[PDB]
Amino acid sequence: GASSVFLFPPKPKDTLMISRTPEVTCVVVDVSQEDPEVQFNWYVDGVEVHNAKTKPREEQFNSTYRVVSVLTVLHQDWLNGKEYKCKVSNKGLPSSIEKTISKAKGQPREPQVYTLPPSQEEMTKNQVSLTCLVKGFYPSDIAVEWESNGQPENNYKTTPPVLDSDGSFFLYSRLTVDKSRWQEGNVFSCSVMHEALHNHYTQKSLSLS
């Protein structure tokens, strides 16, 4: 049953800051009530590690169980491309299913980050859009946030990365703000976190001309 194990990477922001906790997550679905205990062995570059935390089976609303195992990884190990392998078995049975994941391969490329004010036509509205164009980046793992006056501005949404013709990625993030706050000269800033940035972070600010 190999189409029922899924292995997920850490969130981009978690791998870029050593104070955060990046985790690789091995999920087993379609677990039967007649299945003996689900068991996990984890390996980093083929060497077994023992710090994973496995949660008890959780029943889903389709008469199956789901079992999750979570492994904390060393930021540097993930970014250096180490391979993470989850081996799933049932207690007292011999067979197993194995899944592997690692960061995408290829030379990392630094994102270029541009901020764009609202279209003049949008200035007629009650709220305006501030746009952050992030391009030229590789791999696609990236985090984008906005702030103003120290505080996180959370009325924003960000597109998934999109693959460009030269093999790098781009995306846009759109922050929506009251026109009054923009008209008043408030400074807004787009922060971007990516492994190929110096100190893994950059920011670009934008305010009324």
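So that there is no doubt, residue numbering starts at 1 and follows the sequence shown. In this text, the rigid core denotes the largest set of C-alpha atoms whose superposition between the two forms falls within 1.5 Å.
Asks: Do the Cα atoms of 162 to 170 or of 47 to 55 sit farther, on average, from the shown structure in 4 other deposited structures of this protein when the rigid core is superposed?
Replies: Higher root mean square deviation of C-alphas in 4 other deposited structures of this protein is shown by 47 to 55.
Asks: Core fit done; bigger CA RMS in 4 other deposited structures of this protein for 129 to 137 or for 83 to 91?
Replies: Greater root mean square C-alpha distance in 4 other deposited structures of this protein: 83 to 91.
Asks: Decide which of the stretches 182 to 190 and 20 to 28 has the higher mean C-alpha B-factor, going by the entry.
Replies: According to the PDB entry, the answer is 182 to 190.
Asks: Comparing average C-alpha B factors as deposited, tell me which of 70 to 78 and 89 to 97 sits higher.
Replies: Looking at the record's C-alpha B-factors, the answer is 89 to 97.
Asks: Out of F169, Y172, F61, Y156, which residue has the highest Cα temperature factor in the PDB record?
Replies: Checking the PDB record, the top C-alpha B-factor among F169, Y172, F61, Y156 is at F61.
Asks: Looking at the entry's B-factor column for C-alpha atoms only, identify whether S102 ranks in the lowest, middle or highest third of its chain.
Replies: Within its chain, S102 is a middle-third residue by C-alpha B-factor, going by the deposited values.
Asks: Within this chain, which third does the Cα B-factor at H198 fall in: lowest, middle or highest?
Replies: For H198, whose C-alpha B-factor we compare with every modelled residue in the chain, the answer is the highest third.
Asks: Going by what the PDB entry lists, where does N126 fall on CA B-factor within its chain: lowest, middle or highest third?
Replies: Answer is lowest: the recorded C-alpha B-factor places it there.
Asks: Taking the chain's C-alpha temperature factors as the reference, tell me which third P118 falls into: lowest, middle or highest.
Replies: For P118, whose C-alpha B-factor we compare with every modelled residue in the chain, the answer is the middle third.
Asks: Among all modelled residues of this chain, ranked by Cα B factor, put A52 in the bottom, middle or top third, i.e. lowest, middle or highest.
Replies: For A52, whose C-alpha B-factor we compare with every modelled residue in the chain, the answer is the middle third.
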